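All heavy atoms count here, side chains included; hydrogens, waters and symmetry mates do not. The residues of the chain are indexed from 1 along the displayed sequence.
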Amino acid sequence: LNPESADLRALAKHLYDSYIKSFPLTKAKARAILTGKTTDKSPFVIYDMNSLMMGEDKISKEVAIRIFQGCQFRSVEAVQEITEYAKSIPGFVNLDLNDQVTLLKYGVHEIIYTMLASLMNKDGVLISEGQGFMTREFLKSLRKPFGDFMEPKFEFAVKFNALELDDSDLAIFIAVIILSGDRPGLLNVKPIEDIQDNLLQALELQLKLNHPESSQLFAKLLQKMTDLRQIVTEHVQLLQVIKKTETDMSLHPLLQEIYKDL
Ligand SMILES: CC(C)(c1cc(Br)c(O)c(Br)c1)c1cc(Br)c(OS(=O)(=O)O)c(Br)c1
């Protein structure tokens, strides 16, 4: 209702727009699939080995390793999407190239897991663009090293999902994440911090208007960044372990570039 906020709202609408355009599977779609809505169709459920083998009919000499390779390839694609989304954050392409690379390097994983929560409930996670649903227990039942990779994400998702954020909230939130001045090796932090200040102002107003009855959701939302960091650290530690165990296992280069010095 005033010039300043009017501009923030425009920023919010801009980001939501690019968000829809960049990410095929939104939380709205995911939620309609997971809760039995007639706007979307129900997923084939993978809860053990037979259903796994059956799912390939409906949707590396070891299922645990090919499930892992599946997630890594889906991550590579995710990076591509986030990158596409980042270019649309006003000011981002105008930054030093080196810093754009740096912002993406430390930003993608925190964003992947933020958005992964949209495809999860306490029982499992959507796969193959919402055509599949792989249960938590089946993932946990995977052999030593791989049985542990998905659990920390489920823990995060259940608490994050309690915030009850929709896509328009998330659009701004993942932009705040990308534009973090504290990232290691940033040449010029000042222009980055000015953009973030703007996003944070937009997120704050968005949360007020969207969740008026929700006290300190802004503060609560920002505190989730601690859990995100911890997820990423554990993940790369787990990967360090995999590389010694499976020397025949290959990590995508784009992913390996992102992992080193993390
Ligand atoms: C949710 C899951 C299992 C998934 C989702 C869709 Br959709 C699929 O099509 C498939 Br196959 C698998 C997944 C797991 C991880 Br671990 C991951 O990134 S990672 O954590 O950086 O490796 C990402 Br991205 C996605």
- Task: Answer with yes or no whether the side chains of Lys37 and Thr39 bring together a donor and an acceptor at under 3.5 Å.
- Result: no
- Message: Under 6.0 Å between ring centres: does that hold for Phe68 and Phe149?
- Response: yes
- Query: Can we say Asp166 and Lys27 salt-bridge, meaning some charged N sits less than 4.0 Å from an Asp/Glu carboxylate O?
  - Reply: no
- Between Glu234 and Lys153, does at least one N-O distance fall below 4.0 Å, as a salt bridge requires? no
- Message: With a 6.0 Å cut-off (strictly less than), is the heavy-atom count around CD of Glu151, excluding the residue itself, greater than 12?
- Response: yes
- Message: Centre-to-centre under 6.0 Å for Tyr47 and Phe138, is that the case here?
- Response: no
- Sub-3.5 Å donor-acceptor pair from the side chain of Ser180 to the main-chain atoms of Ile177, do we have one? yes
- Would you say the side-chain atoms of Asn161 pair up with the backbone N or O of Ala117, donor to acceptor, closer than 3.5 Å? yes
- Does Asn188 offer a backbone N or O that forms a donor-acceptor pair with the side chain of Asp99 under 3.5 Å? yes
- Query: If you look at every heavy atom in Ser168 and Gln206, which pair is closest and at what distance?
  - Reply: OG-NE2, 3.1 Å
- Residues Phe160, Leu165; criterion side chain to side chain contact (heavy atoms under 4.5 Å, CB included); working and verdict: CA-CA 8 Å; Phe160 192 81; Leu165 300 191; 4.0 Å; yes
- Message: Using a strict threshold of under 4.0 Å (side-chain N to carboxylate O), is an ion pair present between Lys159 and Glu164?
- Response: no
- Message: Determine whether the aromatic ring centres of residues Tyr85 and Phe23 are separated by less than 6.0 angstrom.
- Response: yes
- Is there a side chain to side chain contact (heavy atoms under 4.5 Å, CB included) between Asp96 and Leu186 once you walk through the steps? CA-CA 9 Å; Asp96 188 327; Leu186 282 178; over 6 Å; no
Listing, residues 73-84 side-chain donor-acceptor contacts under 3.5 Å, not counting sequence neighbours, or none:
from  : atom 1 : to    : atom 2 : distance (Å)
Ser75 : OG     : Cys71 : O      : 3.4
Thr83 : OG1    : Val79 : O      : 2.9

- Electrostatic pair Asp7-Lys13, nearest N-O below 4.0 angstrom: no
- Taking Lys105 for the side chain and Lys260 for the main chain, is one N or O donor matched with an acceptor at less than 3.5 Å? yes
